[PDB]
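Structure record follows, encoded as structure tokens.
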DNA sequence: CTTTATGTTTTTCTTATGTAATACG
DNA sequence: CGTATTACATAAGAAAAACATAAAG
């Protein structure tokens, strides 16, 4: 289990995400997004290779999807988190390098 | 005679420029720059084409100089005014359209 | 005064990423 | 009804073009 921005609880091994605003409302996370978060967390405030994310999220079960699916899933994740395009508080895009987890991370 | 920023006094007809800082120091302007200033002044805050300048500042007495001369004259002129390129107090450059006189201008 | 040479800023052009919308298992 | 891909939209970067200035002639 993980703690993020001192505001969100996240149980990865169940793909589930909660907020101190809403003790009531867990949000489901599509396997993709959850894995994304899990990985960005294990290595916080580091930059993650676009491909690194791609590969950890898909093809262990084979899946040679297009590159765009990642970009979508990202946007999806910030639409769940309600992180503004810019200024981003939780997840910074690093152009041509990948994505970075800037939110502070508790455990 | 013209007055700029309530600071510089510009006599175009003797190419002289004087600062309220310096009642003493007369600054002499190479003809080119005085002419530029005269023009920019008579059409203040308007954008002057790069060619309008070129032509007015030369050619009636001939000259087929290149564009660089203009650019240089401007740098020169701003040096006379202690005008900092960015950010300017007197003379704006307007990419591909020319130069423009933002300053506050009076007449005598 | 012109021009030339070296430096800095702007604009144009190309690539990277973001969504909202349609297609799909 | 939750993913993929689709179609535009915006942001970032790169490259070409313009301008600024310090030196030479």
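None of the figures in this text is laboratory data; all of them are computed from the coordinates on show. Every residue, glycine among them, receives a Cβ derived from its backbone with ideal geometry; neighbour counts consider all protein chains shown.
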Could you look through the stretch A:56-67, keep only residues that are surrounded by fewer than 12 Cβ atoms within 10 Å (Cβ to Cβ) and farther than 19 Å from residue A:91 by Cβ, and pick out the one that is nearest to the other protein chains (Cβ to nearest Cβ)?
A:66
Has the stretch B:54-76 got any residue that is in contact (Cβ under 8 Å) with a residue 60 or more places away in the chain and within 15 Å of the chain's Cα centre (by Cα)?
no
Sole exception among (1) without any contact (Cβ under 8 Å) to a residue 12 or more places away in the chain; (2) touching a helix residue (DSSP H, G or I) at 6+ places or on another chain (Cβ under 9 Å); (3) at positive phi for residue B:98, by number:
(1)
Test residue A:32 against the stated conditions and say whether it is touching a strand residue (DSSP E or B) at 6+ places or on another chain (Cβ under 7 Å) and within 13 Å of DNA strand D (Cβ to nearest atom).
no
Do we find that residue B:107 is in contact (Cβ under 8 Å) with a residue 12 or more places away in the chain and either within 8 Å of DNA strand C (Cβ to nearest atom) or under 13 Å from residue B:33 (Cβ atoms) (or both) in this structure?
no
Is it the case that the stretch B:12-35 has a residue that's in a loop (DSSP other than H, G, I, E, B), away from DNA strand C (no atom under 16 Å from the Cβ), more than 14 Å from chain A (Cβ to nearest Cβ) and within 23 Å of residue B:97 (Cα to Cα)?
no
Please go through (1) part of a helix (DSSP H, G or I); (2) surrounded by fewer than 17 Cβ atoms within 10 Å (Cβ to Cβ); (3) without any contact (Cβ under 8 Å) to a residue 40 or more places away in the chain; (4) within 11 Å of DNA strand D (Cβ to nearest atom) for residue A:80 and return the number of the only condition it doesn't satisfy.
(3)
Those residues of the stretch A:83-95 which are within 12 Å of DNA strand D (Cβ to nearest atom) and either closer than 16 Å to residue A:10 by Cα or in contact with a helix residue (DSSP H, G or I) (Cβ under 9 Å, 6 or more places away or on another chain) (or both) amount to A:84, A:85, A:88, A:93
Checklist (1) near DNA strand C (Cβ under 9 Å from one of its atoms); (2) under 12 Å from the mean Cα position of the chain (by Cα) applied to residue B:99, failing item:
(1)
